[PDB]
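Peer 1: sharing the initial chains of the complex here, in place:
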Amino acid sequence: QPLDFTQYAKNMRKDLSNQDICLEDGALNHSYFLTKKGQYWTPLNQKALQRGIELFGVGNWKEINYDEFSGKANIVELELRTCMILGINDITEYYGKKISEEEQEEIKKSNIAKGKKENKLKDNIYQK
Amino acid sequence: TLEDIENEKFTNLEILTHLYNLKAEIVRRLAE
């Protein structure tokens, strides 16, 4: 009998493909192929960045790169991702602070709402 | 020089790294 190639492909991706290529159960990770090789920003990298803000200061991403990500992480991209995970285009008022996880989500929601009521919410960041 | 940045084949992240490196060198000359 003929077989369905969707389930076969999911099963093959489960045990053969890397964790960066396949998602959850068996689905394909499209963000991996929407980005050139070597710059994917894995969820492990995102959690490492969140732990870096949790532990050390914000805006001091030199020791963060040195002893938190791999010893080799893309500066400027770290600033971009920290901008994206606060809902604000700039980190000028957050330099030198050590924002916790709950405060991070609270300030992200506050920035999103503040850009919402003043009409600055352009791809969930606030321009100032 | 903006010509290296001006290339279309580059992505938005390497372009932005180039812009920041240009800022670093020209702010070094501004300090000079």
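Peer 2: Received the coordinates, thanks. Residues are numbered from 1 along each chain as shown, chains lettered A, B, ... in the order given.
Peer 1: mind listing what residue A:53 touches?
Peer 2: A:82, A:98-99, A:104 (Cβ atoms under 8 Å, 6 or more residues apart in numbering or on different chains). (Each C-beta comes from the backbone N, C-alpha and C, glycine too.)
Peer 1: can you name the two of these that are farthest apart?
Peer 2: The most widely separated members of those are A:82 and A:98, with 12.9 Å between them, by Cβ to Cβ.
Peer 1: longest helix anywhere in chain B?
Peer 2: Ranked by residue count and defined by DSSP state H, the top helix of chain B is helix B:12-31.
Peer 1: chain A too?
Peer 2: helix A:101-117.
Peer 1: residue nearest the centroid of the chain?
Peer 2: No chain was given, so I picked chain A. Central residue of chain A (Cα atoms, centre = their mean): residue A:46, 4.1 Å from the mean position.
Peer 1: can you look at chain B instead?
Peer 2: Looking at chain B with Cα atoms, centre = their mean, the centroid-closest residue comes out as residue B:19, 2.7 Å off.
Peer 1: against chain A, how distant is that one?
Peer 2: Noted for residue B:19: a distance of 9 Å to chain A, by Cβ to the nearest Cβ, to the nearest Å.
Peer 1: quick one: contacts for that residue?
Peer 2: The contact partners of residue B:19, taken as Cβ under 8 Å, 6+ apart, are residue B:5.
Peer 1: burial measure for residue A:121, as a count.
Peer 2: Other residues near residue A:121 number 17, with proximity taken as other Cβ atoms under 10 Å in any protein chain shown.
Peer 1: leaving out chain neighbours, which residue sits closest to it?
Peer 2: The shortest distance from residue A:121 to any non-neighbouring residue, by Cβ to Cβ, 6 or more residues apart in numbering or on different chains, is to residue A:115 (4.1 Å).
Peer 1: show me what contacts the one you found?
Peer 2: Applying Cβ under 8 Å, 6+ apart to residue A:115 gives the contacts A:87, A:121-122, A:124-127.
Peer 1: buried members of those into PyMOL, please.
Peer 2: Isolation of the buried members of the contacts of residue A:115 (16 or more other Cβ atoms under 10 Å in any protein chain shown) is achieved in PyMOL through the command below:
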select buried, chain A and resi 87+121+125+126
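Peer 1: include this sequence as chain C:
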Amino acid sequence: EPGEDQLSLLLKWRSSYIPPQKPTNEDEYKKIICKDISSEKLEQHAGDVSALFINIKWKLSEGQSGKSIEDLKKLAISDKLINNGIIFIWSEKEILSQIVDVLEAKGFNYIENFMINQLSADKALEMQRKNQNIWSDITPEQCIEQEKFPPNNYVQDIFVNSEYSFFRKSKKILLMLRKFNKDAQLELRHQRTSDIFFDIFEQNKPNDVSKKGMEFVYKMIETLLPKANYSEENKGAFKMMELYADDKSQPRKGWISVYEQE
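Peer 2: Time to bring in chain C:
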């Protein structure tokens, strides 16, 4: 517009390659009639050639006219015939490995490929009938002869696609193999022609190259090896040889011609 379509525009070499006439003088050519080429000792009739074109026709279907890899095995090629030269042999689909095995057995080595992308003079006519329905009432033979071609802008529908047990046969491969020599040096002219050229054929006879295509091959050989060409010093020392030659287009200036049971 005339003279801008793909068929009319990949086939101007035909206009630029008119064939010449036969050589009247005996001192220009050398014609040998033999009963069995594979059983022949060609050294008694030739020596130190640099271009050995073999116009061999294969059968590869048991019940068909042609030669075989056994016949190529029986053929004798020695150092006194070729010490520094290039052999040109018509290749096929199934027996390419056997050809290269038997020829690298005799000191030769594969160097280059030169093929003819086949086109159909009848499929273009039938495409003109399909796309038109008072000039396309002719024979494909007359279409080849008078160089009157139908306008096509997508040639990958008139390719000669002969029957096969696999991907349909659509090209004629000429294998070129060079017997290197450490002492002597072969003089060559590099990149004077392309390794691929289109040429019109017929559906019933796809392995019979036209006069202009055969002359294109001959001028490719002659331009590749200029010192083998006819000159005042090559009288009786012709450096180009033929095997399984035919009366159709062979006898040329400076070519040794060996026939098969005339």
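Peer 1: same question on the neighbour count of residue A:121, but now with chain C added
Peer 2: For residue A:121, the tally of surrounding residues (other Cβ under 10 Å) stands at 17.
Peer 1: so it sits against residue A:111, correct?
Peer 2: No - checked against Cβ atoms under 8 Å, the pair residue A:121 and residue A:111 is beyond contact range at 9.2 Å.
Peer 1: is the residue nearest to the centre of chain A in a helix, a strand, or coil?
Peer 2: Secondary structure assignment for residue A:46 (DSSP: H, G, I helix; E, B strand; the rest coil): helix.
Peer 1: wait, it sits on residue A:81?
Peer 2: Yes - with contact defined as Cβ under 8 Å, residue A:46 reaches residue A:81; the gap is 7.1 Å.
Peer 1: check contacts around residue C:187.
Peer 2: Residue C:187 sits next to C:225-227 when contact means Cβ under 8 Å, 6+ apart.
Peer 1: check which residues of the longest helix of chain A are buried.
Peer 2: Along helix A:101-117, the positions that meet the burial threshold by neighbour count (16+ other Cβ under 10 Å) are A:104, A:107-108, A:111-112, A:115.
Peer 1: residue ranges for the strands of chain A, please.
Peer 2: Listed in chain order, the strands of chain A (DSSP state E) span residues A:22-23, A:27-28.
Peer 1: what's the helix or strand harbouring residue C:198 in contact with?
Peer 2: When secondary structure is defined using DSSP states H and E, the element that contains residue C:198 is strand C:196-201. In this structure, residues lying in contact with strand C:196-201 by Cβ under 8 Å, 6+ apart are C:10-11, C:13-14, C:114-121, C:143-144, C:149, C:155, C:160, C:208-210, C:212-213, C:216.
Peer 1: just checking, what packs against the next helix or strand after that strand?
Peer 2: The element immediately downstream of strand C:196-201 (helix or strand, assigned by DSSP H and E) is helix C:211-224. The helices and strands touching helix C:211-224, judged by 3 or more Cβ pairs under 8 Å, 6 or more residues apart in numbering or on different chains; DSSP states H and E, are strand C:85-90, strand C:110-120, strand C:196-201.
Peer 1: any idea how far helix C:211-224 is from the chain center?
Peer 2: Its chain's average C-alpha position is 8 Å from that of helix C:211-224, according to Cα atoms, centre = their mean, to the nearest Å.
Peer 1: touching that helix from outside, list them.
Peer 2: Counting by Cβ under 8 Å, 6+ apart, helix C:211-224 makes contact with C:13-14, C:17-20, C:51, C:53, C:86, C:88, C:114, C:116, C:174, C:188-189, C:192-193, C:197, C:199, C:209, C:228-229, C:240, C:248-249, C:252, all of which sit outside it.
Peer 1: add chain D to what we have:
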Amino acid sequence: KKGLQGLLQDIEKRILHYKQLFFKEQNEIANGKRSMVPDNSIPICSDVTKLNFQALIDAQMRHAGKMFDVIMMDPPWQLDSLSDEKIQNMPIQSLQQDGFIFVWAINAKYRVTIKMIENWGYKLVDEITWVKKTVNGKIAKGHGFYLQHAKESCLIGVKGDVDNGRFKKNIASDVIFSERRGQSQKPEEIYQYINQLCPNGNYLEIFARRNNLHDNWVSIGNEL
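Peer 2: Chain D now in position relative to the chains above:
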């Protein structure tokens, strides 16, 4: 000096524009947006000299109950080129019991490719040639030692009983008259011809790029 200060204002504007572009791209990525890669493609990113083919054989025998039917190959010929003998050291014999192989050979590595696929247990039956094309529809260009190189060939070896189903006879064509693109990219007409030869079926392809991914193919590569 104020010319570089005007350049600084312009570079601030360029940074703001590219900041917005990056944020838009990463917001659309973290949303409903798929790449050009088909959802049924199976990519494996591993070095072939370090890849364990036993796991691949076990997975294919488990999740399909069969073996591969077509193995396409574009080897990194040494003339990131790997080697000439390391390609021969591949465990191709275990990866197929009945099917075809497609090895794209350059002019300098033609006879060694033929010897390689004859040593793997295959029999030469056909070759597929790619004639390059221009925008206007010419034969593009070439350079070589004897002739101008305007072609590229793929060598096909056969194995087992291909006449016992899963394959079609007298299809497609040997010549692909298609325009060149990229740097070493091959046309998709070879994939169309493969699908014509083997409708449905299981495929493996050992040296692949991110443009080599298709909705029925297992693709191996160093960056893919």
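Peer 1: once more for the contacts of helix C:211-224, now including chain D?
Peer 2: Outside helix C:211-224, the residues that touch it by Cβ under 8 Å, 6+ apart are C:13-14, C:17-20, C:51, C:53, C:86, C:88, C:114, C:116, C:174, C:188-189, C:192-193, C:197, C:199, C:209, C:228-229, C:240, C:248-249, C:252, D:146-147.
Peer 1: returning to that earlier point: residues touching the closest residue in space to the residue nearest to the centre of chain B that isn't next to it in sequence, list them.
Peer 2: Using Cβ to Cβ, 6+ apart and skipping residues adjacent in sequence, the residue nearest residue B:19 is residue D:15, 5.1 Å away. Remark: with contacts taken as Cβ under 8 Å, 6+ apart, residue D:15 is in contact with B:16, B:19-20, B:23.
Peer 1: quick one: which of these is nearest chain C?
Peer 2: Distances from chain C to these, taken as Cβ to the nearest Cβ, are shortest for residue B:16 (44.7 Å).
Peer 1: what sits closest to the closest one if chain neighbours are left out?
Peer 2: Distance criterion Cβ to Cβ, 6+ apart; nearest residue to residue B:16, sequence neighbours excluded, is residue D:18 at 5.1 Å.
Peer 1: residue of chain D with the smallest distance to chain B?
Peer 2: Residue nearest to chain B within chain D (Cβ to the nearest Cβ): residue D:22, separated by 4.6 Å.
Peer 1: surely that residue is within a helix?
Peer 2: Yes - note on residue D:22: a helix contains this position according to three-state DSSP.
Peer 1: show me what contacts it?
Peer 2: Each residue near residue D:22 by Cβ under 8 Å, 6+ apart is listed here: A:80, B:12-13, B:16.
Peer 1: can you show me the CA trace of stretch C:118-125 as CSV?
Peer 2: Listed in CSV are the C-alpha atoms of stretch C:118-125, where the atom choice follows Å, rounded to 0.1, in the frame of the first residue of the first chain:
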residue,chain,number,x,y,z
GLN,C,118,20.3,16.7,-32.2
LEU,C,119,17.4,18.6,-33.7
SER,C,120,14.6,17.3,-35.8
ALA,C,121,13.7,18.6,-39.3
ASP,C,122,10.3,16.9,-39.1
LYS,C,123,9.3,17.8,-35.5
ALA,C,124,9.8,21.4,-36.4
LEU,C,125,7.6,21.0,-39.5
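Peer 1: in that stretch, what counts as buried?
Peer 2: Within stretch C:118-125, the residues that qualify as buried by neighbour count (16+ other Cβ under 10 Å) are C:118-125.
Peer 1: go on, stretch C:206-220?
Peer 2: Buried residues in stretch C:206-220, defined by neighbour count with 16+ other Cβ under 10 Å: C:206, C:209-210, C:212-218, C:220.
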